[PDB]
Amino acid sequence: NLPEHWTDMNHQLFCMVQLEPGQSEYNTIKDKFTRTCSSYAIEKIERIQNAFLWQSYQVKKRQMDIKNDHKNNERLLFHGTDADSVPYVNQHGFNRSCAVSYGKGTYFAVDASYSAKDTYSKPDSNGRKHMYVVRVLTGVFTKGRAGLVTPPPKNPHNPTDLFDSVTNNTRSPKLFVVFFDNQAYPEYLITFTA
């Protein structure tokens, strides 16, 4: 049941579809980035159309919607990576084993400026940096700490009912960590330069 803003894929399950500048979908994502990265130069933005990844994600969302009894568990966040990992993320999404102050999961930033550090979006031979815009099932979150391998239990008297993610600051989060596969869908890849 693939989102309707996706474009046809000739019966295939994976495409990276480059967005054309000045149409409304591109403008939205660029606005989100330029809010804190207006000083960088956007080379391209690509919509990630991965049927499998999407399917596992929507399963996890339907379950987190049921478990939390409401429907507001998703945030749009950013994630900068190195060029060598982009093929992997396109196809297989985010993976904590590849990645840790608030836990050993995957880190997603609220501000593009954070993902834009060269430590995260390392620039390649030709100078290019890479950053995803990510649907993340953050659901109910709590402050993290170093060494977590899964979020803390909501009530440590029912030790297996867990928060859905952790953050550096609960009242005003600026990063999120999720510890399970298919809790995050990589939705756009922004290719940009300093």
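One rule holds for the numbers: they count along the sequence shown, beginning at 1. Basically, rigid core = biggest C-alpha set you can superpose within 1.5 Å across the two forms.
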* To do: Just give me the stretch that moves more in 9 other deposited structures of this protein: 52-60 or 65-73, judged by RMS C-alpha distance after a core fit.
  => 65-73
* Asked: Is the larger C-alpha RMS shift in 9 other deposited structures of this protein, relative to this form with the rigid core superposed, found in 85-93 or in 100-108?
  -> 100-108
* To do: Name the higher of the two by mean Cα B-factor in the PDB entry, 37-45 versus 65-73.
  => 65-73
* Which of the two stretches, 134-142 or 154-162, shows the higher mean Cα temperature factor in the record? -> 154-162
* Of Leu13, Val178, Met16, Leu19, which one's C-alpha B factor is largest in the deposited record? -> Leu13
* Which one of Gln91, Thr119, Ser85, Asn95 shows the top CA temperature factor in the record? -> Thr119
* To do: Quick one: classify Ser24 as lowest, middle or highest third of the chain based on its Cα B-factor.
  => highest
* Going by the recorded CA B-factors, say which third of the chain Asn182 sits in, lowest, middle or highest. => middle
* Structure fact -> Chain-relative C-alpha B factor for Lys32 (record values, thirds): the middle
* For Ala112, does the deposited CA B-factor place it in the lowest, middle or highest third of the chain? -> middle
* Within this chain, which third does the Cα B-factor at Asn126 fall in: lowest, middle or highest? -> highest
